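Naming: A, B, ... by sequence-line order, numbering from 1 per chain. Just so you know, these numbers use all the heavy atoms, side chains as well, and skip hydrogens, waters and symmetry mates.
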Amino acid sequence: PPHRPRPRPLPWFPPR
Amino acid sequence: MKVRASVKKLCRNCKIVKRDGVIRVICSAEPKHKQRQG
Amino acid sequence: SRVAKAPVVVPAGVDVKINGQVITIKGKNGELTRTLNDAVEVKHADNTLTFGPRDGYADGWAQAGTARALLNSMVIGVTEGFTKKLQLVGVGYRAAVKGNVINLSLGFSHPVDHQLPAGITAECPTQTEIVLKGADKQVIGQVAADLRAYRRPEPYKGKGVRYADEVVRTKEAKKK
Amino acid sequence: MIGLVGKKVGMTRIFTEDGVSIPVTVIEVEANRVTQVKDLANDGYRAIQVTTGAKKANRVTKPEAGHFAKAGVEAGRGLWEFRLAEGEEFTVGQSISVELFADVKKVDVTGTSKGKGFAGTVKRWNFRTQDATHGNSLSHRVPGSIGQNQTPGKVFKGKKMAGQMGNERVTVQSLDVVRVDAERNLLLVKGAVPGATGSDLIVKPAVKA
Amino acid sequence: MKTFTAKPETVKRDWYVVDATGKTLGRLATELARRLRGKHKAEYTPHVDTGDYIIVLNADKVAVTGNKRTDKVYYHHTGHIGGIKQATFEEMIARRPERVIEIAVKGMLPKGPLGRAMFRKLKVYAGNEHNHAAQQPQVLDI
RNA sequence: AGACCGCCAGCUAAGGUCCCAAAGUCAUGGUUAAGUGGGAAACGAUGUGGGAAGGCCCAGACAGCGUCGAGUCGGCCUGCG
RNA sequence: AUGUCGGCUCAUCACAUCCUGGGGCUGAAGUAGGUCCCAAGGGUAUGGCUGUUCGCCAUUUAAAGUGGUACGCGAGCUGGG
RNA sequence: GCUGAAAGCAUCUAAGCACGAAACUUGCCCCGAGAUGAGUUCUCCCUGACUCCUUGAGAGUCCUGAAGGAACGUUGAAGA
Ligand SMILES: [K+]
Ligand SMILES: [K+]
Ligand SMILES: [K+]
Ligand SMILES: [K+]
Ligand SMILES: [K+]
Ligand SMILES: [K+]
Ligand SMILES: [K+]
Ligand SMILES: [Mg+2]
Ligand SMILES: [Mg+2]
Ligand SMILES: [Mg+2]
Ligand SMILES: [Mg+2]
Ligand SMILES: [Mg+2]
Ligand SMILES: [Mg+2]
Ligand SMILES: [Mg+2]
Ligand SMILES: [Mg+2]
Ligand SMILES: [Mg+2]
Ligand SMILES: [Mg+2]
Ligand SMILES: [Mg+2]
Ligand SMILES: [Mg+2]
Ligand SMILES: [Mg+2]
Ligand SMILES: [Mg+2]
Ligand SMILES: [Mg+2]
Ligand SMILES: [Mg+2]
Ligand SMILES: [Zn+2]
């Protein structure tokens with residue numbers, strides 16, 4: 001069976 | 001040709017002979033009796 | 001050993017010529033030459049060759065016994081010579097010597113033409129017989145086997161090239 | 001057996017009386033002049049060097065001119081060697097004409113193939129394209145996988161990939177000689193041969209036959 | 001007082017000629033490797049090539065024991081996948097006899113630049129003739 | 001086999017001494033022909049070395065065909081293959 | 001944080017061989033087979049159904065081989081499960 | 001398979017000899033001398049003067065500038 005979830009995105013954070 | 005780990009005289013006419021490092025049984029009368037160890 | 005013990009006679013008209021290991025036997029029928037194994041000691045002596053093991057060889061006796069048997073046959077070769085006879089069994093099977101070539105007809109869709117070696121000669125008493133003649137016992141043996149190879153005797157009717165004195169064991173086709 | 005050097009003039013057809021169109025390449029074979037003979041003593045192999053065609057004297061460098069001068073032949077557009085069979089003999093300065101092929105039934109023809117430049121795997125290696133649609137993302141003509149995984153963890157030599165295609169030596173074997181016109185310096189061979197119109201061809205009696 | 005070290009610019013290298021005829025490959029090769037390295041000289045220095053130039057004649061007549069002549073296999077890989085190649089001793093002697101001695105010796109020499117330099121001093125010939133009369137090689141019985 | 005530090009001294013341990021790579025191409029007597037050594041079993045087999053009995057044998061054995069003239073037959077234990 | 005079934009693309013090796021090649025025996029007359037030995041050079045379907053791998057089925061083929069390669073291959077595609 | 005002993009016979013095997021497959025090595029096609037083991041052949045070119053130094057495959061000045069190459073330009077069924 002699958003051992004990983006299908007890839008997803010992260011929420012936006014103030015980048016720098 | 002029968003190829004076997006255990007080769008044996010089946011009849012009196014069977015002769016065992018080693019040729020090129022391989023034991024063989026040769027039988028003039030009965031070609032069925034022809035064997036090679038392998 | 002027991003073969004090697006017995007010395008071979010050299011009949012009149014037979015000239016030996018030992019040259020270390022290389023031997024040469026000359027006669028009326030032809031000339032033969034061989035190179036013996038390095039574990040065989042050979043002596044001409046009193047018009048009769050004798051064989052025995054050279055020291056420093058474990059297989060000396062065995063090598064002497066074969067050397068004896070070979071020279072024995074080289075002697076008979078240059079005097080009497082050797083003869084092999086081959087029957088051709090089968091309808092339509094025919095042979096025909098043409099110099100040093102044997103034109104076979106063995107139920108093929110093409111003609112078989114066996115070129116004979118140097119010191120072999122063939123004859124055709126009948127169509128279905130070949131008679132080989134030569135000095136060398138090994139070469140005449142080879143040629144005869146080469147001819148037999150073309151069409152080996154099959155076990156249902158015995159059709160093919162056979163030796164004159166060969167027992168061809170036949171068998172019946174399975175019933176039903 | 002030796003060959004001749006020629007020039008691809010172009011293709012045409014010969015109609016036969018029995019109503020067959022034979023496609024032919026026309027090969028112009030001017031006199032091949034022997035410039036050098038190589039022998040075992042000096043060179044270690046038997047061969048002739050030949051030239052053909054012409055060259056404007058001002059384009060012939062001094063090293064080249066001296067080479068032609070020793071032979072006593074006019075400068076041609078190049079030099080080509082042919083290995084000699086044991087029976088054959090030639091002398092420096094000798095002309096060899098297309099009459100050489102009078103009795104030859106089949107020839108091999110060697111040329112430089114047309115140059116396709118940098119070619120993709122579809123054209124160069126006949127790879128199959130991936131789907132045009134059904135969701136394919138930017139991967140229509142790309143080569144696909146190029147190896148396995150951690151074993152062996154490399155790409156094997158000779159892997160078929162994009163690269164230069166054509167503009168290389170190619171031999172086509174066993175072409176029928178349709179006609180040998182000594183007077184027009186023409187060899188007609190059946191079928192296509194490598195290279196563009198105008199390109200040099202080496203023509204030799206067929207090796208297979 | 002430091003231990004002596006040979007100097008590449010002052011080391012004296014002599015020329016020898018050996019006849020391989022009937023010599024056992026491996027037992028010839030060890031003696032060659034020894035002399036190419038200069039292990040026979042008191043000035044032996046591991047980072048300097050102090051060895052001698054050696055000509056080997058009649059490489060095609062080198063001997064091996066047992067059934068090696070037919071059964072000893074030389075392998076090499078071309079570097080292309082599936083490109084494992086092989087040749088028996090017999091095949092090697094027919095095709096390129098000099099390689100048999102050269103291979104045997106190369107394997108007995110140090111690996112690295114110095115070992116490659118040492119091997120350049122071995123000159124192997126299939127037959128009985130060489131073209132090094134100018135170097136005046138002395139006969140060496142091995 | 002238990003490193004306090006230094007030495008371009010010496011002797012040993014395990015392991016080694018043809019070349020890579022320090023040291024025996026050491027000595028004496030055996031064995032193996034399989035590159036066995038340098039991968040493995042039941043089991044198979046006139047491989048070959050050693051050992052102890054036994055059957056037959058110049059009143060002629062065994063093999064080949066009453067004939068020919070010396071060792072031979074078939075098991076046991078065991079080394080190496 | 002070593003992305004997971006199947007498909008696609010691209011493969012590469014093993015040989016316990018599916019085809020083709022060589023051979024022994026056959027309860028091998030022939031034709032056609034059976035079985036075992038040697039052999040890895042090249043070759044080795046398209047479709048219907050199902051996410052399928054598989055399988056069943058249709059119709060081919062000389063043959064539609066068996067396995068290894070992160071159950072080969074998502075920084076190459078797909079995303080049906 | 002032939003000849004052939006060991007083992008008076010027999011035995012394709014121990015000596016020796018012969019056949020034997022798309023596998024192997026060649027033969028066919030292409031690359032290929034960085035093959036540093038850097039190979040061969042043919043042709044072409046260069047035949048000045050002087051000074052100094054720690055004196056050697058040394059440095060410097062003047063004169064000389066070849067064969068050929070490259071650049072540039074017009075370009076190509078050659079090409080990012
Ligand atoms: K081994
Ligand atoms: K596969
Ligand atoms: K195959
Ligand atoms: K995985
Ligand atoms: K990755
Ligand atoms: K991508
Ligand atoms: K070069
Ligand atoms: Mg182009
Ligand atoms: Mg497609
Ligand atoms: Mg997207
Ligand atoms: Mg798109
Ligand atoms: Mg690696
Ligand atoms: Mg090391
Ligand atoms: Mg000590
Ligand atoms: Mg040492
Ligand atoms: Mg010793
Ligand atoms: Mg082993
Ligand atoms: Mg197999
Ligand atoms: Mg092949
Ligand atoms: Mg996978
Ligand atoms: Mg992606
Ligand atoms: Mg990946
Ligand atoms: Mg074919
Ligand atoms: Zn029997």
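Using the sign of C1'-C2'-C3'-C4' as the criterion, G/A32 is classed as a north pucker.
A 3.5 Å limit on both hydrogen-bonding distances identifies F/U48 as the Watson-Crick or G-U partner of F/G79.
Contact annotation: side chain of B/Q37 to base of F/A45, donor-acceptor pair absent below 3.5 Å. Side-chain atoms of E/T30 stay outside donor-acceptor range of the base of F/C19, with no qualifying N/O pair under 3.5 Å. If you check distances only, the side chain of B/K2 never reaches the base of G/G24 with a donor-acceptor pair under 3.5 Å. At a cut-off of 3.5 angstrom, counting only N and O atoms as typed in the model, there is no donor on one side facing an acceptor on the other between the side-chain of C/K157 and the base of G/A29.
Syn is the conformation of G/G74, whose glycosidic angle sits no further than 90° from 0.
Less than 4.0 Å separates RNA chain G from at least one heavy atom of each of the following residues of residues 121-130 of chain D: D/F127, D/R128, D/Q130.
Atom NZ of B/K34 and atom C1' of G/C37 are 11 Å apart (whole Å).
With hydrogens and angles disregarded, a donor-acceptor distance shorter than 3.5 Å links the side chain of B/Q37 to the backbone of B/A5.
Comparing D/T151 and A/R6 against RNA chain G, the residue whose closest nucleotide sits nearer the 5' end is A/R6.
Using a 4.0 Å cutoff to heavy atoms of chain B, the contacted part of RNA chain H runs 5' to 3' from H/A10 to H/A14.
Here B/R4 does not reach the OP1 or OP2 of G/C36: none of its side-chain N or O atoms lies under 4.0 Å away. Taking only side-chain nitrogens and oxygens, C/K174 comes nearer than 4.0 Å to OP1 or OP2 of G/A28.
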